[PDB]
Amino acid sequence: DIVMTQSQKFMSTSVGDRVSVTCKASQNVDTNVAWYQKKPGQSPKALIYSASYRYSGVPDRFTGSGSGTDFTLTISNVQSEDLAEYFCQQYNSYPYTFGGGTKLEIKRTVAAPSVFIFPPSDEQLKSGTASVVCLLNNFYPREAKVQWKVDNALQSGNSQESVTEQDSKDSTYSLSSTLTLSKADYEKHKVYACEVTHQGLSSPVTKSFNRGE
Amino acid sequence: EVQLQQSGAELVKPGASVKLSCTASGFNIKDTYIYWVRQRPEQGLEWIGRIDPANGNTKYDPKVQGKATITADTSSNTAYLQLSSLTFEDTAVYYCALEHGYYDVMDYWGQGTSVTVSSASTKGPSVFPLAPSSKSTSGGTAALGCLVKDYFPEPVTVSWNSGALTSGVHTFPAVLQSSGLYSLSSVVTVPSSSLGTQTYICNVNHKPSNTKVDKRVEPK
């Protein structure tokens, strides 16, 4: 039973520098290992063959070698916005085994988010539920903090956040904080806000809106 | 050109039989070697097997023998993937690809077919819009979207203006609720000047529950 490894769970590089990904195994084969890229939410892509080339690939922005119990893949970010995960296969013989793969964390400058708040749809009131969403369009880095306030009253646990993948062009991030309670709890108050303490922000910016205009 | 399209996602009960399909489209040739591949949402892929239109001696893979069996079709050259005795470990995203390295120099991957092996029933989601407020404008430019709540099968495809919009799009991953259900939001940034009756729609589609609603968004 042939095995393999990436020996790296996650990887983070700068915008332009090169990065060398390793892939090891327990046997020995040459001019047979291929690689793939699982684009974020998109199918895997034929990244290489035999550690040689690949259709419609980069000119040579990525390149790697290594046979036997060792291998690598270096990628020079010459025109590289690409952010995805990459995998090695033992296509030399059955079970054509694969590997652990490693994620790619493009570093970039700190970016502040643009903030917009949205009230529950008037349609959602017909169910007694009220889902209030605080939105963060484009920002960097990942680590941050959100706080909910309703007429000065803090909120805990009653909120959930959804974190997207990384955008192809700008490396900015996007999160959706979802506050939800019964329309009873909802209609009982007038002023609703989300406080936002971002690592790329001086003071927590608190955006709000009043019900009924 | 080539398409290699597969059927939509499915949901069955633990202890069922399933036979998947992946069409040929442009690969009517017999020299292609299509393989079967699983991808659990925990970022884990595997080689299920392969098949040769001419004598496909491959049909299994160690640690998997007995759980699946591939077969082919002669009418439209569609490889069938039979899967029985299904458990929750079988829950993964599956693919098909045609790459004849000694004849061709390119390949293509199928759209993907998602499987859900759970005891719950299908459930169409709830689509509540997100109207752009006066505070949703930041520098003469606003933003809008919509929310999809409460869909049991994970595959939900949010289109916008019928597959015509892509700028500034941010579709969020399926976060689970305490209700045991998924919810996500599909947002997009737009100019505040588009308030003059520039109409946008969340052309969401839920193939499992046959739930297809294209909900428009309007301020207030």
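For segment A:42-57, check the following and say yes or no: at least one residue is part of a strand (DSSP E or B) and of a type in the set (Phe, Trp, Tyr).
no
Is at least one residue of segment A:182-191 aromatic (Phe, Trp, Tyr), closer than 16 Å to A:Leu135 by Cα and either more than 8 Å from chain B (Cβ to nearest Cβ) or touching a strand residue (DSSP E or B) at 6+ places or on another chain (Cβ under 8 Å) (or both)?
Checked against the condition, which is being aromatic (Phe, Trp, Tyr), closer than 16 Å to A:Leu135 by Cα and either more than 8 Å from chain B (Cβ to nearest Cβ) or touching a strand residue (DSSP E or B) at 6+ places or on another chain (Cβ under 8 Å) (or both), segment A:182-191 yields no hits at all.
State all residues of segment B:165-193 that are of a type in the set (A, V, I, L, M) and under 24 Å from B:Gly140 (Cα atoms); if no residue qualifies, say none.
B:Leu165, B:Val169, B:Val187, B:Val188, B:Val190
Looking at B:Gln39, is it surrounded by 13 or more Cβ atoms within 10 Å (Cβ to Cβ), within 14 Å of chain A (Cβ to nearest Cβ), of a type outside the set (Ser, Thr, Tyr) and farther than 26 Å from A:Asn32 by Cβ? Steps first, please.
On the way: surrounded by 13 or more Cβ atoms within 10 Å (Cβ to Cβ): yes; within 14 Å of chain A (Cβ to nearest Cβ): yes; of a type outside the set (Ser, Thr, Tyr): yes; farther than 26 Å from A:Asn32 by Cβ: no.
Considered against the rule, which asks whether it is surrounded by 13 or more Cβ atoms within 10 Å (Cβ to Cβ), within 14 Å of chain A (Cβ to nearest Cβ), of a type outside the set (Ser, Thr, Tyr) and farther than 26 Å from A:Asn32 by Cβ, B:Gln39 comes out as no.
Being within 30 Å of A:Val3 (Cα to Cα) and small (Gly, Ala, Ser), is that true of even one residue in segment B:1-20?
No, segment B:1-20 has no match at all.
Among the numbered conditions (1) farther than 24 Å from B:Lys149 by Cα; (2) surrounded by 14 or more Cβ atoms within 10 Å (Cβ to Cβ); (3) of a type in the set (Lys, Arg), tell me where A:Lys149 comes up short.
The single condition A:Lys149 does not satisfy is (1).
What do you reckon, is A:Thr74 touching a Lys or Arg at 6+ places or on another chain (Cβ under 8 Å), farther than 30 Å from A:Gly212 by Cα, surrounded by fewer than 16 Cβ atoms within 10 Å (Cβ to Cβ) and hydroxyl-bearing (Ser, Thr, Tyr)?
yes
Which of the residues spanning segment A:26-52 are loosely packed, with under 13 Cβ neighbours inside 10 Å and over 27 Å from the mean Cα position of the chain (by Cα)?
Scanning segment A:26-52 gives A:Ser26, A:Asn28, A:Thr31, A:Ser52.
Just the residues that are among the acidic types (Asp, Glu), exposed (fewer than 14 other Cβ atoms within 10 Å of the Cβ) and not in a loop (DSSP other than H, G, I, E, B), please, taken from segment A:186-213.
The first filter runs over segment A:186-213 and keeps only residues among the acidic types (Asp, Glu), leaving A:187, A:195, A:213.
Retained after the next criterion (residues that are exposed (fewer than 14 other Cβ atoms within 10 Å of the Cβ)): A:187, A:213.
The answer is A:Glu187, and nothing else.
Here is a yes/no grid of residues against (1) in contact with an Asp or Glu (Cβ under 6 Å, 6 or more places away or on another chain); (2) farther than 20 Å from B:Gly101 by Cα; (3) assigned by TED's automatic domain parsing to the domain that holds A:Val15; (4) not charged (D, E, K, R):
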| position | (1), (2), (3), (4) |
| --- | --- |
| A:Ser65 | no, no, yes, yes |
| A:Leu73 | no, yes, yes, yes |
| A:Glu81 | no, yes, yes, no |
| A:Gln89 | no, no, yes, yes |
| A:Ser93 | no, no, yes, yes |
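Being surrounded by 15 or more Cβ atoms within 10 Å (Cβ to Cβ) and in contact (Cβ under 8 Å) with a residue 40 or more places away in the chain: is that true of B:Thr78 here?
yes
Spot the failing condition for B:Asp214; the list is (1) away from chain A (no Cβ under 12 Å); (2) closer than 24 Å to A:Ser177 by Cβ; (3) of a type in the set (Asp, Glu), and only one is missed.
It fails just one condition, (2).
Within 14 Å of another protein chain (Cβ to nearest Cβ), assigned to a loop (DSSP other than H, G, I, E, B), surrounded by fewer than 20 Cβ atoms within 10 Å (Cβ to Cβ) and free of Cβ contacts under 8 Å to residues at least 40 places away in the same chain: does that describe A:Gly100?
No; evaluated as a whole, the condition is false for this residue.
Out of segment B:49-71, which residues are closer than 15 Å to B:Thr32 by Cβ, more than 11 Å from chain A (Cβ to nearest Cβ), touching a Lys or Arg at 6+ places or on another chain (Cβ under 9 Å) and not small (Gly, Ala, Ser)?
Scanning segment B:49-71 gives B:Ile51, B:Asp52, B:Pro53, B:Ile70.
So how many residues does segment A:115-128 have that are crowded, with 17+ Cβ neighbours inside 10 Å and either in a strand (DSSP E or B) or out of contact with any helix residue (DSSP H, G or I) (no Cβ under 9 Å at 6 or more places or on another chain) (or both)?
We begin by selecting, within segment A:115-128, every residue crowded, with 17+ Cβ neighbours inside 10 Å; these are A:115-121, A:124.
Within this subset, residues satisfying the condition of being either in a strand (DSSP E or B) or out of contact with any helix residue (DSSP H, G or I) (no Cβ under 9 Å at 6 or more places or on another chain) (or both) are A:115-119, A:121.
Selection size over segment A:115-128: 6.
Scan segment A:58-91 for residues that are closer than 24 Å to A:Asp170 by Cβ and assigned to a loop (DSSP other than H, G, I, E, B) and jot them down. Explain how you work it out, then say what you get.
Going residue by residue through segment A:58-91, those that are closer than 24 Å to A:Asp170 by Cβ are A:58-59, A:61-62, A:75-86.
If the condition is that a residue be closer than 24 Å to A:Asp170 by Cβ and assigned to a loop (DSSP other than H, G, I, E, B), then A:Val58, A:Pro59, A:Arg61, A:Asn77, A:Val78, A:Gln79, A:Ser80, A:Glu81, A:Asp82, A:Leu83, A:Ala84 are the ones that fit.
Here the Cβ is made from the backbone with ideal geometry for all residues, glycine too, and neighbour counts use every protein chain on show. Basis: the model, the stated rules and, where named, an outside source; these are not laboratory values.
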